[PDB]
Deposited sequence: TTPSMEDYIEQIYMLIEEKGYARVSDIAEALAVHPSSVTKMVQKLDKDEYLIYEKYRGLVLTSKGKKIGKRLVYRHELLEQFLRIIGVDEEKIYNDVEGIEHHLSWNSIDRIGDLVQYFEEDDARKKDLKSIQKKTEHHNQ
């Protein structure tokens, strides 16, 4: 329920529907609409947003958070984590990693994405 969680979901709802309803934010984050209203005011005072609209500041952060999430899902998928486990692991770790780690994981994903033989060799290890 951090500021980052809220901005992440808000950004996504705007990308999905064109707007972010309080009730949609509430559902997405499994919190009561009261909590949502509280966070909105803080987000507004810290100028992440102004229905509700993200400032360029909020947009940059939202875009980054969605990037981080997708990257980390891709990372765990590539290394062979059971698909069903991936979402909860990503949600758990995404806010705790330094940009340095995100970027190195980014490079690692790129490393596997550029020659399928590498993915096959990784798979071979798991077999042992």
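Colleague: Mind pulling out the bits of the deposited sequence that never got modelled, as residue ranges from 1?
Modeller: The deposited sequence has unmodelled segments at 1-2, 53-57, 136-141.
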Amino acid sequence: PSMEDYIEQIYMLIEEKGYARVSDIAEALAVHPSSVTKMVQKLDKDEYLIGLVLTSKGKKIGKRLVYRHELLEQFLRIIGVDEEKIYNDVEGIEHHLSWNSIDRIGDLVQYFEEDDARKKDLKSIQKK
From here on, numbers count along this sequence of modelled residues.
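Colleague: Mean CA B-factor: is it higher for 72-80 or for 52-60?
Modeller: Per the PDB entry, the higher value belongs to 52-60.
Colleague: Averaging the C-alpha B factors as listed in the entry, name the stretch that ends up higher: 98-106 or 32-40.
Modeller: Of 32-40 and 98-106, the stretch with the higher C-alpha B-factor average is 32-40.
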